[PDB]
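Coordinate analysis (summary)
Here is how the chains run, residue by residue.
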Amino acid sequence: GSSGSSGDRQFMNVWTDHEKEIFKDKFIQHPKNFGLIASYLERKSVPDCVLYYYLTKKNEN
């Protein structure tokens, strides 16, 4: 990983590995806090991450 910013100029709106890692990184510290986890992920919003929490915690009751 030498080249920092290769390009990816195209607008890509999809949860990527890099993102996921961040979603959890903070979660551990400030769990149940979408206000922060979102602050870091500018590309994403507050009410945008709240969903993920469910997706990962979606079971059949």
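Residues numbered from 1 in each chain as written, not as in the entry; some residues may be left out. Heavy atoms only, no water.

Regarding how it was determined, this PDB entry cites solution NMR in its header.

The name given to the protein in the PDB entry is Nuclear receptor corepressor 1, with Homo sapiens as the source organism. This deposition appears in the PDB under the title "Solution structure of the first SANT domain from human nuclear receptor corepressor 1".

Some remarks on the overall build of the protein
Counted only if it meets this: Only DSSP runs of H or I with at least four residues qualify as helices, and only runs of E with at least two residues qualify as strands; both kinds are numbered from the N terminus onward. The classification of residues rests on relative accessible area computed with a 1.4 Å probe and restricted to protein chains. Under 20% of the type maximum is buried, over 50% is exposed, and intermediate values are partly exposed. By definition, residues are in contact when any of their heavy atoms lie within 4.5 Å. Only the protein chains shown count as cover for residues, with accessible areas throughout obtained via the Shrake-Rupley method and a probe of 1.4 Å.
A tally of helices and strands in the protein yields 3 helices and 0 strands. Counted from the first residue to the last, the protein has its helices and strands arranged as α-α-α. Here the C-alpha coordinates of the protein stretch approximately 45 × 25 × 20 Å along the principal axes. Across the 61 residues in the protein, those meeting the buried criterion constitute 16%. Pairs at least 24 apart in sequence give 43% of the contacts found in the protein among residues at least 6 apart. Within the structure as shown, the protein displays about 5,700 Å² of accessible surface, and the carbon and sulfur contribution to it stands at 49%.

Brief notes about the layout of surface pockets
Our working rule: Only protein atoms enter the 1 Å grid used here. Points where a 1.4 Å probe fits but cannot escape make up a cavity, open sets with protein on both sides within 12 Å along at least five of seven lines make up a pocket, and a residue lines them when an atom lies within 4 Å of a point. Grid points are joined across faces, edges and corners, and a volume is the space filled by probe spheres set on the points. As a working rule, the residues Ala, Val, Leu, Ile, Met, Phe, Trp, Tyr, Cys and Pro are called nonpolar, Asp, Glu, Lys and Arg charged, and the rest polar, with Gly in that last group.
The volume enclosed by the largest pocket comes to roughly 310 Å³. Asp8, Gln10, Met12, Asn13, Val14, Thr16, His18, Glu19, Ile22, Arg43 and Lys44 together form the lining of the largest pocket. The residue makeup of the lining of the largest pocket, split by class, is 3 nonpolar, 4 polar and 4 charged.

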